[PDB]
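Chains as they are written, first to last, in the authors' numbering: chain A, 226 to 281; chain B, 1079 to 1127.
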């Protein structure tokens, strides 16, 4: 009832982990170097907006 | 003074092998740490733990 309700096994609000979980290994001034997880989240975000605009 | 035992002396062809001690010897007391894990880095080269 308090910590694990079946309804929460389905996601509606997706938590975004802070940079130390997905470190931008930013080498040099001009270059960056974002982590895999940053791309997957950006991939999730891109996919979300397509759907959000599409249904609206 | 003579050795009570007689030793089997003579040449044998021996090869020097590619692993020198001064190439292996490693020590660390604090140093470089990985970014994600924040633990010591790996290897002699990187002054790892």
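Ideal Cβ placement from N, Cα and C applies to all residues, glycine included.
Subject >> One or two residues paired with residue 1111 of chain B in a DSSP bridge >> reply: B:1118
Subject >> Cross-chain neighbours of residue 248 of chain A in chain B, by beta carbon under 9 Å >> reply: 1113 and 1114
**OP:** Counting only the same chain and skipping the five closest in sequence on each side, list residues whose C-beta sits under 7 Å from that of residue 1122 of chain B.
**Re:** 1104
**OP:** With residue 273 of chain A as the anchor, note down where its alpha helix (DSSP H) starts and where it stops.
**Re:** 261-280
Original post:
Does DSSP put residue 1125 of chain B in a helix, in a strand, or in coil?
Top reply: coil
**OP:** Return the residue from the list A:226, A:273 and A:280 that minimises the CA-CA distance to residue 238 of chain A.
**Re:** A:273
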